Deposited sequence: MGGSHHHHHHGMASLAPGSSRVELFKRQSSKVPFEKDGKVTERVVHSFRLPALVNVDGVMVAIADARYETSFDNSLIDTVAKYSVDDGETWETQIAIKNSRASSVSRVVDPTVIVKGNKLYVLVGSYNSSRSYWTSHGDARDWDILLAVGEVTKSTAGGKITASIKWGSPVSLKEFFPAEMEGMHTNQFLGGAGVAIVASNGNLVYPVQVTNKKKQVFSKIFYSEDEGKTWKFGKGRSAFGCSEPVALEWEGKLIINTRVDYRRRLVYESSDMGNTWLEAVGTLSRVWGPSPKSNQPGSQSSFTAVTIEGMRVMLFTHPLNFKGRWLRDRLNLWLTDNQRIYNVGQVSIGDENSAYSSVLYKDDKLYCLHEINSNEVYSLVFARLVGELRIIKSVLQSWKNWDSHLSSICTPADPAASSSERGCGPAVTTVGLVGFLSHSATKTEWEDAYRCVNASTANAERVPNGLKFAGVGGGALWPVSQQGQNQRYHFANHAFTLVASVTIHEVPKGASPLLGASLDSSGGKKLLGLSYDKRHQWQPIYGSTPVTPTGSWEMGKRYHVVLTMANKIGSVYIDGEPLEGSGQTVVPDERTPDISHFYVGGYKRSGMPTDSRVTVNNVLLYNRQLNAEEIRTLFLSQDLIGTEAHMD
């Protein structure tokens, strides 16, 4: 896998022992399977928490929450049971442990079940359920000139009294934490994104929070859509971002500014980006999702398995990095085609770790991995993002200096760098494939039937980083036409289908030196005037279902038309640039395109004007 990276099997299936306490008697007991990793740092001490499934990996069986902890970066560990189940039957269990760290405290939330042999979402009642919180006090000692840590786990307290029988209509049944690692909000509040059931057995996600160090708890009034389980949240720019599991569908992502009273789906950034399997028709997964600062830049790390094998095997655990704008594939963290569903990612002392499941034949260990390679790659990307943003923002624009070029919401940028078959994204996330292209300064020159560049949108397949363009985007480019065309020919646009035939929004040019702006499926009215050899600034925007086409900073006459019927959400196949990149399409666009920019919002009038005025200053060629 990742060069320089290494792992150990820390929680070793059928091997590792835990202190199994029953009736006042403690015994070192071999554990069949460990799942549900949550990896954290408490004041310098690493803490690994998980399910110890004593006798089988079957979800409804004997389970205690285990913790291992280390003061030496995961080279040695102490082992305890952080929370024990009721001991009521052979299938008594505390489950889906969700962890928050505040100061020296470990807040661990778990469901508690006594005797049921069926999975919790299937319960018609709450007779077998409780919801418990345990607190672990971590203290460190230097006696003897060594660092020794210790964790005192308090007795669990039931938080059931805080569950209302009714929510916004519905009657509630049960709730659990979303597993893995939750957060302290900046305002000090403990926040657990939770999964809840109603008496219809629908499942949904909410915010469960405490303003008093967890002595009392409250629920936000809002909620994800039905079907969202195992929510994971982070705080970004004042808002909670709740990334959810949806079985057999794309991951839905929500933002909330008021502790869960309102939830808005994040359609312009991360919702619908991650598919649970190549066809997005398989069970989903728990995911690690954290906000961190690496080399001075606030970012987000997210893991999810690709699940090529399908059903619940969940092979090929993947790690992603995003600044809420660009989304990059760090790569496969797990090894080969091993099954590896649940993960927890920890960044501690400028070192990156991942605690994760490996599954062979329904027997589960957790490996503890040092992500040396991944971090290195993460730091490279971050540096390219920071550098191109800096480059753009430092340009003195034609007034001293006019307004700065905007990088807010800048997602991709195709400029100088290219190879024979791709035009490279300067932000290193998504490239455009090319045909009949000759490199030129800061761009490409295209010729012949089949020419162009294709920048994939739904074509990205499983993971669709540019899913926001279905809701809002600005695509920008400098174009130069070298030959009058035989008939209308394409320059730039967003295609609803694979050929480029059905267009959401686009710009063509025709034999009579007129432009042909395309608004959805509307009939086309040719307008304006163009000259060969002259370089033009083109801007296409779409927001709130309306598309506009600008040339040289001014809207084409007739722009600002509806491009999306109101019944549906677009499913853009790709953006086409400088032809269709389709042999099947008869057109021959002979043109040069430089400096293509893609934003996840509609730029405003000034921002558009600034870009037109700085055409010749944005190129990457020189830096």
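Numbering the deposited sequence from 1, one finds several regions with no C-alpha coordinates, namely 1 to 14, 414 to 422, 647 to 648.
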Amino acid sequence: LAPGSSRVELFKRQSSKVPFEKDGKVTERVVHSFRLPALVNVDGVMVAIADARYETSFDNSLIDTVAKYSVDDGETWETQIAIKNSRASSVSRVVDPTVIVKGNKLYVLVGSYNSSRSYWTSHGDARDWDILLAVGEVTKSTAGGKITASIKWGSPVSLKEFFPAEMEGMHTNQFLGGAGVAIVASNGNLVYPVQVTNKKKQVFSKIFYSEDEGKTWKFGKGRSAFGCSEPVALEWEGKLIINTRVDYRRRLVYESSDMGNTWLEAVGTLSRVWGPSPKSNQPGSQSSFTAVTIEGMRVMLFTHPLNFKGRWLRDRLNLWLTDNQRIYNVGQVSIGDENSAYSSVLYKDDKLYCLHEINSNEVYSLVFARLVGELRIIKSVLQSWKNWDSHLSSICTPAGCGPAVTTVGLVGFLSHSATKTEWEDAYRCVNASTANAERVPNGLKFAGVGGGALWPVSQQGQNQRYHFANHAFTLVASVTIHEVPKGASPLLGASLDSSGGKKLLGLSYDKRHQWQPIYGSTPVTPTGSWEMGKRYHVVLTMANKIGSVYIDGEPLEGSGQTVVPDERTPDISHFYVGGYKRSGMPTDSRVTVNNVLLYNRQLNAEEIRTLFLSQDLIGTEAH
From here on, numbers count along this sequence of modelled residues.
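Throughout, rigid core stands for the largest set of C-alpha atoms superposing within 1.5 Å between the two forms.
Two stretches, 136 to 144 and 465 to 473, are weighed by how far their CA atoms sit from the shown form in 5 other deposited structures of this protein after rigid core superposition; the farther one is 136 to 144. Between stretches 527 to 535 and 311 to 319, greater average Cα displacement in 5 other deposited structures of this protein relative to the shown form, fitted by the core, falls on 527 to 535. Comparing 256 to 264 with 432 to 440, the higher mean C-alpha B-factor in the PDB entry belongs to 432 to 440.
Stretches 229 to 237 and 420 to 428 differ in mean C-alpha B factor, with the higher average recorded for 420 to 428. In the deposited coordinates, the residue among 70, 27, 594, 33 with the greatest CA B-factor is 27. Per the PDB entry, 389 shows the highest C-alpha temperature factor of the residues 323, 389, 362, 247. Among all modelled residues in this chain, the alpha-carbon of residue 96 has a temperature factor (C-alpha) in the lowest third. When the modelled residues of the chain are ordered by C-alpha B-factor, residue 55 sits in the middle third. In the PDB entry, a CA B factor belonging to the highest third of its chain's modelled residues is recorded for residue 583. For residue 65, the recorded CA B-factor ranks within the lowest third of the chain. Only modelled residues enter the ranking. The PDB entry assigns residue 608 a C-alpha temperature factor belonging to the highest third of its chain's modelled residues.
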